[PDB]
Number of protein chains: 2
Amino acid sequence: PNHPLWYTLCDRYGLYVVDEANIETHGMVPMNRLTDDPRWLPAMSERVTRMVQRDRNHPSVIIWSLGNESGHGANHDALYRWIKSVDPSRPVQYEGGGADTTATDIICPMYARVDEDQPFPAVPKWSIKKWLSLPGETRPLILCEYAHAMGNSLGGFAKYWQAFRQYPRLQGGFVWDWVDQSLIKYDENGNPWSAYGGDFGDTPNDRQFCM
Amino acid sequence: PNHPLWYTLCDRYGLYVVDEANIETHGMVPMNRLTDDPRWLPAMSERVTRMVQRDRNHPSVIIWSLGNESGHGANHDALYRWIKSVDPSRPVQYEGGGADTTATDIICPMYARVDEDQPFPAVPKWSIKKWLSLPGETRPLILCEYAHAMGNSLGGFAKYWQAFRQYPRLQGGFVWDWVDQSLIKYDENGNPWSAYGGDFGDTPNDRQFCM
Ligand code: NA
Ligand code: NA
Ligand code: NA
Ligand code: NA
């Protein structure tokens, strides 16, 4: 959840907002270790329910998200249902555990390609075109993350947009991401420069991957 | 319906057969002029019912077809239902009226392309990959006719097969077609040569389009 002013500005200027609970357990092995554990349901529930209680009157918020990169655990299903019950006005989405779980109203993969399949075990990233028509699948598809804009990037961006326009059920995506997470440091002469991971003596670090 | 021996041979040698009623009204304007007419329901019914009565015990027959290029009329819907009631063991397909009507269990277009839409009014031929995922669509897609093998042809054949293998619900198709419809004529020296439309003084005719 963002600073409260963000929603007011999105209401007034006009932007569709996905409001996302502060839950990410990416570094767990496996990713759902905490999210499939009922001992962690109370802490997770507060991050979801208190978001909804705060932001539910904002017209700019059109979709609730259960968080990010926390696998798919039973706690996700419980909290998916909680939202559906308390606020029927907004779809609920969540990408974890394969982007098309029972905890999402929208097929919301991250970095699924347009034409090329990436058949990872358990959590494949199918071509977005192929994903829509898998036996029994009926949901819309909007990428929660795509076209990773790191440095000299956005090659093949037009390929996504051609697909989006041709396929009714491909309804777009969210580019990753808006702004480089570089920080200002100062040299000997007091001149500013853009810094990334490791530049503060932080270790271990992931270097430029924050930009 | 074919010569009775054809089905015996397909039973014993092993080929899947689509058994198709002798109903084609292509030259009508519009194409469904007779098939939407209840006066023509009796004649149409006999061409469907008498085929099913004859061929229903052949294991090689796996799908029934209501005919070819007769648009989509209420007579098709009536006869689709007759077959489903009398023989639940086999799906029913029919391409007329846009390949995805209420008179077909299988999306069965003719010459729909792999990636390219052909958005004809009323009877569009969508990209096969796109067709599967149109809002609400759940049926398998098998082209009743594709890769028109006229003369020096079959360019782009590999594109269909790549798509068939990638997409579960793209379950193949039937090439058009097996054998040139050329006829033997003899010259002044009694030498045989291959003839087509117009070579018998038949007029009007469509020349080499039978090959
Ligand atoms: Na679209
Ligand atoms: Na990053
Ligand atoms: Na297939
Ligand atoms: Na022909």
Side-chain angles (χ1 to χ4, degrees), chain A residues 16 106-109 112 114-115 117 119 124 126-143 146-147 157-174, chain B residues 16 20 24 26-27 68-69 95 106-112 114-115 117 119 124 126-154 157-183 194-199 202 204-211:
Chain A
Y16 306 122
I106 300 163
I107 314 157
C108 53
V114 176
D115 296 310
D117 286 345
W126 307 113
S127 141
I128 58 175
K129 301 155 97 165
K130 166 184 178 164
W131 211 320
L132 291 177
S133 48
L134 294 182
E137 188 56 66
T138 55
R139 290 168 284 186
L141 190 156
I142 304 168
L143 298 114
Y146 84 107
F157 196 68
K159 197 178 288 185
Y160 278 96
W161 284 90
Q162 190 279 327
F164 301 159
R165 285 180 174 104
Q166 194 192 354
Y167 282 63
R169 282 174 50 215
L170 296 182
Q171 291 184 268
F174 297 85
Chain B
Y16 306 119
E20 188 159 279
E24 172 159 358
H26 202 160
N68 190 63
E69 297 178 317
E95 177 278 339
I106 301 163
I107 307 161
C108 57
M110 50 170 64
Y111 318 101
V114 175
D115 296 307
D117 290 341
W126 303 115
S127 152
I128 57 178
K129 296 149 83 165
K130 169 177 173 167
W131 208 321
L132 288 178
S133 53
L134 292 180
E137 190 52 72
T138 59
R139 286 169 288 188
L141 192 158
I142 305 165
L143 299 109
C144 72
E145 300 182 25
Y146 84 114
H148 197 255
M150 184 182 187
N152 198 346
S153 199
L154 233 77
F157 196 69
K159 194 176 293 188
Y160 279 97
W161 284 91
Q162 194 284 139
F164 298 158
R165 290 185 173 102
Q166 185 174 14
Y167 281 62
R169 285 168 55 214
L170 293 183
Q171 296 184 255
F174 301 78
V175 175
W176 189 274
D177 67 353
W178 179 246
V179 53
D180 285 339
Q181 289 184 65
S182 56
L183 291 167
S194 289
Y196 50 81
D199 287 333
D202 46 312
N205 71 81
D206 292 300
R207 300 291 195 187
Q208 66 264 39
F209 199 64
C210 55
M211 305 185 301

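For ligands, and for the atoms within them, numbers begin at 1 and follow the listed sequence. Letters A, B, ... mirror the listed sequences (proteins, then strands); counts begin at 1.
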Reported CD-to-CZ distance for the pair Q181(B) and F209(B), which is rounded to 0.5 angstrom: 11.0 Å
Quick check: does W176(B) put an N/O/S atom under 3.0 Å from the Na ion (ligand 4)? no
Does one side chain, of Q166(A) or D117(B), offer a donor that lies under 3.5 Å from an acceptor on the other? yes
Quick check on the Na ion (ligand 3): does [X] put an N/O/S atom closer than 3.0 Å to it?
| X | answer |
| --- | --- |
| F164(B) | yes |
| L170(B) | yes |
| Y167(B) | yes |

Classify the ring geometry of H148(B) against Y111(B): parallel below 30°, tilted from 30° to 60°, perpendicular beyond 60°. perpendicular
Run the side-chain contact (heavy atoms from CB on, under 4.5 Å) test on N205(B) and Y196(B) for me, step by step, so that the C-alpha distance in whole Å, both residues' side-chain angles and the decisive distance to 0.1 Å come before the verdict. CA-CA 9 Å; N205(B) 71 81; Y196(B) 50 81; over 6 Å; no
